[PDB]
Amino acid sequence: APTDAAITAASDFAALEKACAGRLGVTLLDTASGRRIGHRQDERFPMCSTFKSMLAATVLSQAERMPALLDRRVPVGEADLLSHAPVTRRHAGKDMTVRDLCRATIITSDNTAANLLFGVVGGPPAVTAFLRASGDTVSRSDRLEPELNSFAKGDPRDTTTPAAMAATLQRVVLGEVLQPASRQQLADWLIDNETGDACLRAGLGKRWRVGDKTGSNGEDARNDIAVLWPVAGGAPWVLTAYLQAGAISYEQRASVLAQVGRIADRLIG
Ligand SMILES: *C(=O)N1C[C@H](NOS(=O)(=O)O)CC[C@H]1C(N)=O
Numbered sequence: 021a022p023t024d025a026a027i028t029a030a031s032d033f034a035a036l037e038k039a040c041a042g043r044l045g046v047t048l049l050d051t052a053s054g055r056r057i058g059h060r061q062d063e064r065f066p067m068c069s070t071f072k073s074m075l076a077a078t079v080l081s082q083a084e085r086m087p088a089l090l091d092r093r094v095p096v097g098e099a100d101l102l103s104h105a106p107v108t109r110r111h112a113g114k115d116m117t118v119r120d121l122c123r124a125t126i127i128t129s130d131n132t133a134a135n136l137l138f139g140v141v142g143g144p145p146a147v148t149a150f151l152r153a154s155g156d157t158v159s160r161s162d163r164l165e166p167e168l169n170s171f172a173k174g175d176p177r178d179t180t181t182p183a184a185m186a187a188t189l190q191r192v193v194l195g196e197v198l199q200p201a202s203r204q205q206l207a208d209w210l211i212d213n214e215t216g217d218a219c220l221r222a223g224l225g226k227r228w229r230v231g232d233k234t235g236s237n238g239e240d241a242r243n244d245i246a247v248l249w250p251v252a253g254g255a256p257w258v259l260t261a262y263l264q265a266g267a268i269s270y271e272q273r274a275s276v277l278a279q280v281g282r283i284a285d286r287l288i289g
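Numbered per the authors' numbering, the sequence shown spans residues 21 to 289.
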């Protein structure tokens, strides 16, 4: 109870970090001005599943120079299946389109779909090369599922920073890294995400149309990265949130991310 009350009472990111005895990295980015507010914006955190947003972007980018790549069918083998494979588990022994694998990995965070897409694009090195070409010198993809979700202090594999990921979401989901139809498809997948109802979305008011991608690991990490489109029109905002908080429960980590959303909504005003 005391921890829950301290989380609810926190009105700024530093106080919220203290309330959960964690390490919290947040960037709130105004795309009209480039202005950012946050906490630990340039510290490294494990991407965990949040990298899947950029794996899908790498696929879409490759499809712009490989006609019909999105329609290519990829076998789903029994040996490819992992514990978290909510969509691909139904297709073991048959195949799925690249496009449907992308959707599955964004909106359900399907780990098998991510590994199959890694095989399509050329692995973590291809995702990192896409990130670098897009202008992100910080974020890096190094490993496959599920090993990529590990984190060690000082080990930069599969990490980002809140500010690097916020800028990348702007360039890729809103900017000109991808062709318009490609970026719109990616935006739609993020808008359709099914795993974030208790995270940033739970703290953001109805004035925002939200697209997001979550992530977590079993030790202490819980993340959510989001694009906020004002339903009334105007410039979008980007909100990234990376948390490590081993002293609280998985469900309390969601509460922290929801509180990030409530604080951010108030700061936008
Ligand atoms: C991604 O971080 N993961 C995939 C899956 N879904 O969780 S998410 O919805 O938060 O992404 C299980 C947890 C995690 C993982 N360990 O792979």
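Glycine included, every Cβ here is placed at the ideal spot set by N, Cα and C.
- Contact annotation, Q279 with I57: C-beta distance approximately 15 Å; criterion of less than 8 Å not satisfied.
- A straight line joining the alpha-carbon of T260 with that of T181 spans about 9 Å.
- Counting only runs of 4 or more residues that sit fully inside the region 196–259, the alpha helix (DSSP H) segments are 200–211, 220–223, in chain order.
- In the assembly as shown, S269 is an exposed residue. Its beta-carbon has fewer than 16 other beta-carbons within 10 Å.
- Within its own chain, the residues whose Cβ lies closer than 6 Å to the Cβ of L277, once the five positions on either side in sequence are excluded, are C219, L220, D244, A261, listed in chain order.
- The alpha-carbon of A34 is positioned some 40 Å away from that of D120.
- Between the alpha carbons of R286 and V96 lies a gap of roughly 45 Å.
- Relative to ligand 1, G266 has its C-beta separated by 6 Å or more from all heavy atoms.
- Within the chosen limit of 6 Å, ligand 1 reaches the beta carbon of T234 through at least one heavy atom.
- Counting only the Cα atoms, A21 lies some 46 Å from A149.
- For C219, the shortest C-beta to heavy atom distance toward ligand 1 is 6 Å or greater.
- Cβ neighbours of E63 within its own chain (closer than 7 Å, five residues either side excluded): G45, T181.
- Distance from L198 to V247 at the Cβ level is roughly 14 Å; contact not present, criterion being Cβ atoms closer than 8 Å.
- Annotation for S269 indicates a beta carbon at 6 Å or more from all heavy atoms of ligand 1.
- Taken from the Cβ of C68, at least one heavy atom of ligand 1 lies inside 6 Å.
- Going by beta carbons, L164 and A76 fall outside the 7 Å limit.
- DSSP places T128 outside any alpha helix (DSSP H), giving it a letter other than H or E.
- Scanning its chain for C-beta atoms nearer than 8 Å, with the 5 sequence neighbours on each side dropped, one finds around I283 the residues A30, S31, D32, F33, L36, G223, in chain order.
- It is roughly 19 Å from the alpha-carbon of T108 to the alpha-carbon of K233.
- Judged by DSSP secondary structure, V158 falls outside any beta strand (DSSP E); it is assigned neither H nor E.
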